[PDB]
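Contents: one structure, followed by commentary.
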Amino acid sequence: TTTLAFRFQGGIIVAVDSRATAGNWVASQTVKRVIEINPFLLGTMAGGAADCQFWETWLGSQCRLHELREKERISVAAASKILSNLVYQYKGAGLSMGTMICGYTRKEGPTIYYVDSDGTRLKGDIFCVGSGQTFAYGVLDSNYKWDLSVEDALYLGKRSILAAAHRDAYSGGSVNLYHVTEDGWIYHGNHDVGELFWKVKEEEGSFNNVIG
Amino acid sequence: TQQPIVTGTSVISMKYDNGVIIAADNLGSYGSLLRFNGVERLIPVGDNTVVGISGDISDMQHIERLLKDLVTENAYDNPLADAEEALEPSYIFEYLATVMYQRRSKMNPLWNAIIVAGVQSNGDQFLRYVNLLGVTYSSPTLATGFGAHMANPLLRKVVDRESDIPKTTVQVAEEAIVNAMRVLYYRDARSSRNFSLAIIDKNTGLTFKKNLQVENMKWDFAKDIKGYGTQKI
Amino acid sequence: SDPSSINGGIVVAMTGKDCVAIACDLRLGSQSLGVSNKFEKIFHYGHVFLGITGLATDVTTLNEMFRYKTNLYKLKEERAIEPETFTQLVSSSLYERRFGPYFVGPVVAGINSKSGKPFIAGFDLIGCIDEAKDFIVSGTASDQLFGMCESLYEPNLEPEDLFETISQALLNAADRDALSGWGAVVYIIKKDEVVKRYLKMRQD
Amino acid sequence: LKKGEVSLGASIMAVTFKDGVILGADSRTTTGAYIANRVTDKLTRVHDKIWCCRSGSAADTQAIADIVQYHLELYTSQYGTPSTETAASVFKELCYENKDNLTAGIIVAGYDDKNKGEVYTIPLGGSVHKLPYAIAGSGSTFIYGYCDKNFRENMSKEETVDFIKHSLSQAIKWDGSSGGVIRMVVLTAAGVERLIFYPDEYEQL
Amino acid sequence: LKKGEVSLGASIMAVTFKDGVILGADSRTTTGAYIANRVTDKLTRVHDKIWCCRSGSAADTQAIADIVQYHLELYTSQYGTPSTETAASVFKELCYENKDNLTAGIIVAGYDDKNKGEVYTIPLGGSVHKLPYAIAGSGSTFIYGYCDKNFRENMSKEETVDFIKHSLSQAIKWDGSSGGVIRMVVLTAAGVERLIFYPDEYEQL
Amino acid sequence: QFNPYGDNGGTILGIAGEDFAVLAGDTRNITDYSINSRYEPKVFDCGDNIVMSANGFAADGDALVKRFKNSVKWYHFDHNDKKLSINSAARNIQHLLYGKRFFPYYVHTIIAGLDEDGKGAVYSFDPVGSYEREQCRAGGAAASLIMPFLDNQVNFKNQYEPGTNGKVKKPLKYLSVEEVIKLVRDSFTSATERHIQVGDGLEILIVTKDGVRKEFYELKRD
Amino acid sequence: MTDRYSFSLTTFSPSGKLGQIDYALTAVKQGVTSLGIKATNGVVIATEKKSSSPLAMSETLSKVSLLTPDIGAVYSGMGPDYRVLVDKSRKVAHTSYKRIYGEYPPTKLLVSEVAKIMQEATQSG
Amino acid sequence: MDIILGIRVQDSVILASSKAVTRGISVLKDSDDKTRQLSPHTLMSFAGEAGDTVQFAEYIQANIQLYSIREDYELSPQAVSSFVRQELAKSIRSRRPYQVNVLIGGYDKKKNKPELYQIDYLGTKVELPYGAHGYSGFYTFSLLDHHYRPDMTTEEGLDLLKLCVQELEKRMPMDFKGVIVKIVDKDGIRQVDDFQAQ
Amino acid sequence: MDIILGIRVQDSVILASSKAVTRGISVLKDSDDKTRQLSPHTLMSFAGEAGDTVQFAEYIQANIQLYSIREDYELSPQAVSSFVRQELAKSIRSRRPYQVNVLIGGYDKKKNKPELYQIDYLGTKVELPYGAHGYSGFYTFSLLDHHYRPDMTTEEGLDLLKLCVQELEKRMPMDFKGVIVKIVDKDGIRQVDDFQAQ
Amino acid sequence: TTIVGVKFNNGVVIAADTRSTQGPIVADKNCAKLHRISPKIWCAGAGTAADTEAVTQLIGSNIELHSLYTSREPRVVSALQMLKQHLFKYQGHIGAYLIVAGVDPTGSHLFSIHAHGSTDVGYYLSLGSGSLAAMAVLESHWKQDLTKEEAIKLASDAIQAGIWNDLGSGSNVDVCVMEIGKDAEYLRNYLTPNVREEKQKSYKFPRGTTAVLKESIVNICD
Ligand SMILES: [Mg+2]
Ligand SMILES: [Mg+2]
Ligand SMILES: [Mg+2]
Ligand SMILES: [Mg+2]
Ligand SMILES: [Mg+2]
Ligand SMILES: [Mg+2]
Ligand SMILES: [Mg+2]
Ligand SMILES: [Mg+2]
C-alpha cells in the first residue's frame, strides 16, 4: 500500500493505490483506500483495513454531530484530534492504522494531519504512508513545489504512486486521485496501473530498463 | 481454560428409514488407565431423544443435570408437557449447541463432543453433532473422536447419501452399528468391550439396550504370527 | 525465513499435440522490493528445458550444475541427454542433498528425439517426481496456476493454441501473486523448432 | 520415546519355576490411542533357549534384539552355547552404552541345564537385575501388588502358566496400552513350547 | 499441584461390606522426598457417619473438607441428617466448580440406616462415581489388580479389615509417597470405630 | 492450551450479474483430514432478498448468520417493516463483525442481492469488518484457485482483441445468469480436482427481482 | 603391519615395456578360448567349460556372466580375477549409472568403467 | 546497513558508498572507503557484517590479483562477478556464513562496455543499470527509475547520484556521513574528490 | 530517542530539543517542536514514546492553565515540577505507564532566578544547572561539566549549547535534524530563530 | 495416502491410492505408490514420497546386486531387514512407511515397516492417513484362506474406504498381485472411480488474444 497527501497552492492532493495482500496472495486490486468522511474531509487507509474504515466512518459521524451542535463546519485540527484521541484510548490493544486526515477550511487553509494507532498526530505538508512510502517520497520530494498547478499536482501524486506501484510488491492495482479545495473535494479518477505504466513510459521516457 | 481428566471415547450413530440408532461404550478413562467400567454415556431425554456424549466425564455429568432440569422446567405451567409441548430433539439440541458455544466464547469450554439423536413429532429423524467449540453438523451418520475415523467409513457403506436412508432397516442399521463397535474395540486403545445402544423409532419409540458386549471376534489367526520378520518359531 | 518465498516467481509447463510449452515470469525481488525484471527461470541443455522457481541463488547454482553434468554426459555418451533421462538426473541430484536441500521447484519440458513423445515433469525440493500428462506448476503462485490450468487446459492443443493457453494460465496466475510478474516468457517447443515469446503484462 | 513412533505399551513378565522359566506378554502396539497392531509378538528369540520380552520403543527393541541375536549366533559358533547371564550382559551393554537414544525395557529369560531357569530385567537405565520373576511394560504398575502376593518359588508349569495368565489379564484389564492375546513361551529341558490365550478366556477371571 | 506445597501422595480406599463401610489410609505427607509428617490422618469426618479419605493437595483437601463439614452442619441444623449422596454432591460441587485451582482426589464414605454403607469417589476432575469400594492416592496404581481380584460384596467386618489391611500394605510397599501406619475408620449401625495398624505388622504380610 | 478456533474448510463464490447475483458454496464440512458432512448448507436466504455465507470456522459462521437474520427481524420491527437494502445489510454486518474486533469471528463473509436500482450486488468482508462492494469474489480454502480464473473469464483481464498487437482490450460484455452458472460450476469442479477440502456438493443461490432460487450439483467425493 | 606397498609394481623397463602387463597378457594366452560374434539382430559370446575334473559340477561355474539385463561378459585368463571383475562391474553399473540416471549404462560406458578398474591395477600401489 | 549504490552510464560505472563506520552508540570513523580494486578495470563495493565485509573483499582481491599474474591477463567483469557469486553461494550453507553484499562495477576492455553487477550475501547475482543493497534502493530506486537513461554521460550520472544521495539524506534516519564516489572506465578507476557539493 | 537538553544560565533557561520525528524507516517531519508552554514563565520539553509524549504534555499544560485561572496566579516552577513529578510517579504502577521524560525550564518571578528541572518517566526529579534525557547526556555532559559557569550570559549558554549540538552531530548515529531552542527569562518565553548557524 | 496389503491362500496383494498432496493441494492426481523392489517383491509406500521412492530404489538396487552375487531369487526378509536397518539408522528422518510383500523360494510374505525401523508381520495391514478407514474395512471383511479374487476385492475396497473418507487420499486404486507360482501382476489403475465430468464450456482462446512483445527462434543444435 502507498498513500500520499500533500499541501499546495490550489488545495490538497490525495493519491493512493488500491492493492490488498494477505501474505503473497493479492486479495484485491480494487480496494478503496480513501475514506470519504464527508464532502469536505478525506482520510487515507493504511494499516488495518477495518480499523481505518470503521473509525474514519465513525469520525464522519462525530463531525456531523459537531456541525449540528455548533452550526459551524468542523476544523481539520478538531476532526483529526477526535480520531487521534480515540485511537489513544485503545492504545496497546492492537489497532493498526496510519492515516492522513485532509481538509481545507476557511480558518485553517489546506490542512493535513497524519494520525496513527500509536497516538501520533502531526500537522504537515507532505506525508506518504504504506509499504510503498519510500518510493513515493523520492518522486514527491524532488518535484514538489508550492506553486504547482492543480493539473501538475494531480500528476505528481499520480506519478509518485506509480513509482511505488512498480517497485513495491505490495502496491499496485490502480491509483485513485482526489483534489481537496475549500468548497469540498473533487475526485479525479481511477487509473489502472497496468495501463498507466505503459502510457507514462512512452510519454515521459522513464522506466527505460523496462522493455515494452 | 481447562484439560479433560476422566474421559469417554466414541459415540456413533446413523439414521435409518424410521429412526436413528446411537451407541457408546461404557468406559471412563483416566489417561491410559481404563478406570471406570460402568459409565453410561447415552442420555435419554423423555421418550424421543438420546444424547450421546464423549469427552470429559465431569462435564458430561453437568450436561446430564442440565437436561434433567430442562425437563422439570418444561413441565412447569405446561398442561401439555407429556404431549404437544414436550421436548423435541431439535429443542434439546439447539439448547446444548447454545451452551457449548457460549462456554467456548468465555474460554471455559465443556470439553465434550455430543450427538443428539432423536425423532421429531412429525416423524422426521434428527441427528446432529455439537462439540466443545460450538461447531455443529448433520449427516446420515455421525461419530465422534476415534469413531469418526473408523466407524463413519463403515456406516457410510450402508448409508452413503440421503436417498439411502429410506432403503435401510433397523435390522441392517443395528448390525452395522454393532460391527463398528467391534472394530473400535479392536483398534481404539481407549475402548471398552461393554456398550450401550439406543434406537429411537417413529413407531416402536425408544428402545434402550444396556449391557451389550462385543461378540463374534476374530483372534484365532494370532496363533500363526511369530516374531516381527524373520523369527520362525 | 521461508527460502521459497524470498525471491518470487513461477513456471508452468504444458503438453500439446506433438509439442510442449514451458513459461515463466521474469521477476526477482527481495521480499517486497522488485530487483530485476529480467530474471529468466527457464534454461535448456540441448533440447531439454528446465525451469526452476525458488531461492534465486539455488536456481542459478542448479542451472550451472546441470550444464556441467549435461556437458559431461554429452562427451561420454556422445549424444544429447533426453527428457526422461534428465528428469532422473535432476531427481537424484536433488535427493543427494536430502537433509540440506536446494529450495527450488524444478520443471522439465521437452520432446524425446527418438520417439517424439512430448514430456514434462515437476519435482519437490528433495527430488520427488511428478510425471503428468497434462501440466506442471511451480512457484509462489502455484495454487493460482493450478486453478488456471485445471480450468483452461484441454488435451492435444496445437502449438498455436497451447501458446494462448499457457500464456493465460501464467499471466492471470501471476497477477494474483505479489511476488510474481514483472514480465513473462513462453517457449513453444516442437520436434524441430522452439519459439520463445515475451508477453506484455502489468508491471506492478 | 520419539514423537509418533510405535510404542509397545505392554504387560510382560518372565517367571522362573521348577522346570525352568516362562515368558508372557500381551500383543498390543500403539501410536497414540490407535492400536497399530493388535497381535504383536513381544516374545523374541535371541537364542534357542534364551528369549526376551520387549517393551518401550518397538524400533529400538527390534534393533537391539536383532543385534543380540547376531552376537549370540557368533558367540555360539566360537565358544558353544551362551549362558543367560551372557545374553543379559550383551543386552545390557547395548542398553547402557546407548541410554541417551533408546527407550527399551527388556526382560531376558533363558534355560540352561546347569543353571535351570533365569530371569534378568534390564530397565530404562541399562542396569541389570537378576530376579525370580520380573514384570515390566506400562501395564505392570497395576500388578505389582498382585504379583508380590501370589508368586511362590518352585511352582509347577500348570501353576506358573496360571499365575502369568491371571497377572497379565489384570494388567491388560487396567492398561489401555495392553491388550490382544496373551502369549507365553515355556523354556525347559524338554524344549520350547508356545502358548496363546484369547480374550474370551482371560477377560473373565 | 503448586510448586513446593505439601502433597498427600497416599494409599486410601473405602470398602463397603455387610455391616456398613470402612475407610482406610496410610499416614505419610511429603514435600519432595522429605516426609513432612509421618503420622497424618487422611480420614476426615465431615459428619457423624460421613467421612472422607483425602489425597492430592493437603491444603486443598483440608480447605474443602472444612467447608463440607460446615455445609453439612448447617444442613443438619435445618433438615436433619444428610445422606452420603448429599455429602458427596457438596464435595463434588466444590471440586468441580474449582477444578482449575484444586488438586483433590476425595473418597466419600458414609453409613445410613436406609442405605447401609455407601462409597463415592471424586477424582481430579470433580466427576462423581458411586462404587462398592474405591481406591485412590498415588499408591492406588499398584493395587488395581490385587483389589479387583480379591474384593467380594457383603464381606464381614473381619474380612474387610483384612482386605483393606493387605491392599494398603502393598500400596505402601511399592509407593514411596505412602507409608507410616494404616488407619481405618469402621462406619456401622453400632457407631464409629477407629483402627490403627503399625509397620511391624503390615509390612510382613 | 484451549484453542477457541477451528477450520471447517469450504469455499464460497459470489458473482454479481447485471440484474441478478449468485452466491455459491460447496457443501462439504471438514476437520483436518475427516469429512464431517457431505451436505451441510453454508449459503443462506436471510430474508429481504439477501443471501449470505460466513465461511471459515463454522461455529462463528453460524453465530454471525444467526445474528444477522435476527438483525433483519428487528429492523422490520423497529422501522415499520422497511426492507433492508443490501448496502444497509453490509454496513450492519460491519458493525456485527467489528463488535468482535478483539476476539474475531474467524470467517470471510459474503452477502449477495440486488441494490436499490435493481442491479446485482456482492459485498465481501474481512473477519473484522472491512467490506467493499465487488463484481465477484471467491472465499475460503480454494479462493486462490478460483479468483485468477474469474479475473480472466468474468472481468476479461489479460485478454486482447486478435490482431490489435495487444493494444485494444477485449470489450467487457456482461454475462447472463446461464453463463455465470457455467463459470461457477467450472470454478468448483476445477477446485475440487486440486483442493482436498473442496468437493461433495455445490449449492448455488440465485437472486433476481423475482426472489431467491436454489440449484444443486454434485461434486467428486474423494 | 599395514600395506606399506604404496609404490607401483608395474613400471616401465628400458625398452618402454610395461612388464607386468605383458606377463598378464601371456596368462590370458594360456586360457581357454572365448569368442564373440556380432550379428545384425544380436551378439553371441561363447566359451568352453574346461572342467578341471569330472566330479566337479560344471553348471556351478558360469564363465558367461550377466552384467546388466542387456549386457553379458565372457573371458580367457585367470578365472578368479574375472569373478571379482564381474562383481565390480555389476556394482558400478548401479553406483555410476542406475542410481543416477534410472537406467542401465550403455555397453561402451560400462566397458569404459571395467577398463578403468583394470588400468588402475596397472598403476596403483 | 551502509549505503552502496552503483549506476552504469554509457561509458562508465559509478559506485557511491557511504563513509561512516558506526559501532554501537558512537560513529567511529567518517572517512571509510568501502571498496577494493580487484583489477585495474574492476571495482567492488561492499556492505554487511562488521569484519566479514573487509575480510571477504580482501580475499576476492587477492584471488583476482593472483589470476592476473598467473595468466598475465585481466578477467572480464562478468568472470570476476561469477567467481564472486560462487564464493558467496558457498558460504550460505557454511558453518558461519559471510554476510556481505557487493556491487561490482567493471569496464570490459574487450566488449568496450561498462557493467555493474549486484550480488547479495546469498550469491544472488543480477546485472543492472543501477543497483543498491539493503534499504538504499527503497529511497533511490524511484529516482533512478524516473531519470535514468542508457546514453547518460558521466556527468549526468553524477548529477543523478547526487539527487539520490539528497533523498537519502532527507528521509533516511541514520547519518551515513556522505559518500565516496568512484568511476570505472576505459582508463581505469578514479576517485571523484568533488561530491560534498558539486 | 529524541534530543532534549536544557541549560540554566544566570538570568534564563535555554531548552534545545531536536526537530525530527522518525517512524520506522522514514523521517516524517523535520520541524517538530517538542515543547509546551505551561505558563507564561514555564516551559516543558519532552521526549519518549510516540503518543504518550504529546498526550502527557498537553494534559499538564491544560492542568496548569486551569490552576492559573482558578487562582489568578502563576505557580512557581518548583510547584509546576512537583505536580509533573507526581503525575509521572502515578503512571509508573499504572495499567499502561506514560513513557515520557521531560525538562521543565522556568523563571521564578518571585525569587528572581531561573530554574531547570529534569524528570524521567519514573518520576525521578532532580534540579540541575543543565540536564538531558536518554543518550544526549552521554555526549554532552563532558562538555557542560567543562565549560559551564553559573554566571554565564544568555549568549554564553547559546554558544555552549551550540558546541553540544556539534558534538552530537559528530558522534551520534541518528540525524535528529537540528534543534529548536527556546529561552525562558523574566520577560517570558522566546524562540531563538538563529541556531542552524550562529 | 492409503496403502494396504492382504495375504491370500497362495500369494499376497498390495494396493494403494494415487493422490499426492502438498498441504491441502493435490500436487499429483495420479502418482504411483507401488514400487518394485525386485520382480516379485513389491512395496507400497506412504509418507514422504521422495523417501519412499529413494529407500525402495536403493534397497532394490542392493537386492539386485545381492541376487546376482548369490545366484538366488531375492527374499522378502532380505528387503525387510535391509529397509529396516536403513530406516533405523536415520532415526525416523527418512519418512518412509512401507508395506512390503512378495513371493520368493520360501513362500509368500507380508510385512509393514514404520519410518523409525520397526517391522510387523500380519495377514492384512494398512498404513497412511487413510489407514483407519482401510483397517475398518479389513477388520470387517477379512477371513482366513481368502482366494486371489476375494483378496483383490478386499484390498480394493479398503483403498476405496480411504479414497472416499480420507481427504489425504483419492483418485484411483493401484493393485499388485504376487502369486506363488506366477509372475507378479502389477495392475496400474485397476479401479478409476473419480473421472472429472466434462467441463461446461471450452476455454480455448481465439489466437491473438495474448499480447506479445518480442518473438524469436531458439537454437538447439551445436
Ligand atoms: Mg507453492
Ligand atoms: Mg503479480
Ligand atoms: Mg507493485
Ligand atoms: Mg487393555
Ligand atoms: Mg512406601
Ligand atoms: Mg436502506
Ligand atoms: Mg477436492
Ligand atoms: Mg479422499
Side-chain angles (χ1 to χ4, degrees), chain C residues 1-9 24-41 43 52-68 71 93-104 125-126 140 178-179 181-183 185 202-204, chain H residues 1 3-8 47-48 78-79 81-104 115-146 148 150 172:
Chain C
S1 306
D2 176 359
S4 292
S5 301
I6 296 185
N7 302 123
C24 72
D25 71 315
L26 304 180
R27 185 175 181 276
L28 184 272
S30 182
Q31 307 270 50
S32 59
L33 179 65
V35 171
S36 171
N37 44 231
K38 291 178 169 57
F39 196 77
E40 314 203 13
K41 306 169 181 72
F43 314 105
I52 316 168
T53 61
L55 185 69
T57 175
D58 290 350
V59 163
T60 308
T61 293
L62 286 191
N63 169 42
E64 296 170 340
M65 166 187 299
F66 291 131
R67 183 175 56 185
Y68 182 122
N71 276 344
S93 300
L94 295 173
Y95 196 88
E96 190 184 311
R97 290 287 165 248
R98 175 60 185 86
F99 298 117
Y102 287 117
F103 299 98
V104 294
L125 80 174
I126 51 176
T140 44
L179 307 182
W182 262 18
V185 80
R202 331 167 53 84
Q203 303 290 309
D204 59 353
Chain H
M1 189 186 293
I3 292 180
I4 297 303
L5 306 163
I7 165 66
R8 142 177 71 83
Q78 199 289 133
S81 72
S82 292
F83 170 74
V84 174
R85 198 204 76 90
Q86 183 174 75
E87 290 300 298
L88 287 163
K90 281 182 178 184
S91 76
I92 209 47
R93 258 171 287 239
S94 175
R95 177 175 53 95
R96 199 187 57 75
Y98 282 132
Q99 306 206 59
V100 187
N101 300 275
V102 309
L103 281 188
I104 299 177
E115 298 180 334
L116 177 71
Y117 293 99
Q118 187 190 101
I119 310 165
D120 64 19
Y121 77 109
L122 303 169
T124 313
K125 185 182 92 173
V126 72
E127 189 209 307
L128 302 157
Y130 39 87
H133 277 302
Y135 288 119
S136 311
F138 275 89
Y139 312 91
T140 67
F141 286 166
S142 57
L143 290 179
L144 296 163
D145 281 356
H146 182 48
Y148 179 85
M172 211 203 89

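Convention: sequence-line order gives letters A, B, ...; per-chain numbering from 1.
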Less than 4.5 Å to any heavy atom of chain C: does that hold for the side chain of H:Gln86, its backbone, both, or neither? neither

For residues 87-97 of chain H, which residue pairs pass the side-chain hydrogen bond (donor to acceptor under 3.5 Å, both in side chains) check, not counting sequence neighbours? C:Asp58-H:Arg93, H:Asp52-H:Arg96, H:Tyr59-H:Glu87, H:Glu87-H:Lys90

Side chain from CB out, backbone as N, CA, C, O: work out which of these in C:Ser30 comes under 4.5 Å of a heavy atom of chain H, or both, or neither. neither

Apply side chain to side chain contact (heavy atoms under 4.5 Å, CB included) to C:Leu26 and list each qualifying residue two or more places apart in sequence or on a separate chain. C:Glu40, C:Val185, C:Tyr198

According to side chain to side chain contact (heavy atoms under 4.5 Å, CB included), who are the partners of H:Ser142, at least two apart in sequence or on a separate chain? A:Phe135, A:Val139, A:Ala163

Within 6.0 Å of OH in H:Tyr135, more than 12 heavy atoms from elsewhere: no

Rounded to the nearest 0.5 Å, what's the gap from OG1 on C:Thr57 to CG on H:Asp120? Could you check? 7.5 Å

Counting only non-hydrogen atoms closer than 4.5 Å, can you tell me which residues of residues 121-131 of chain H sit against chain C? H:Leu122, H:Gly123, H:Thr124, H:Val126, H:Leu128

When the 4.5 angstrom heavy-atom criterion is applied to C:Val59 and chain H, the contacting part is neither

